[PDB]
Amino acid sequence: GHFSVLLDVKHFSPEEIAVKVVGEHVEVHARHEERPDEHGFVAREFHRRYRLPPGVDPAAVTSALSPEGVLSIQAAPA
């Protein structure tokens, strides 16, 4: 099997995103500490969870972040 997801993570830098395989799921945890903006301060955080299909090796799961702010999590077909 394979795994392939694309995510918009526009407010987060690579160091603010944590991807992990926990059980039968791929978890994405993005968090940024308080930062200034036009009107005040803003801190943001999200947690996304996707299931990992049976024929996919958790060790084959890679993650990359594009200069456009698109996070792609993939596991090539086995």
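Sequential numbering from 1, following the sequence displayed.
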Report task. Would you mind ranking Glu33 by its C-alpha B-factor against the rest of the chain and naming the third, lowest, middle or highest? Result -> highest
Query raised in the report: Going by what the PDB entry lists, where does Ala60 fall on CA B-factor within its chain: lowest, middle or highest third?
Result: highest
Query raised in the report: In terms of the CA temperature factor given in the entry, to which third of its chain does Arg48 belong: lowest, middle or highest?
Result: lowest
Report summary line: By the entry's values, the third containing the CA B factor of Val21 is the lowest
Query raised in the report: By the record's CA B-factor, is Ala76 among the lowest, middle or highest third of residues in the chain?
Result: highest
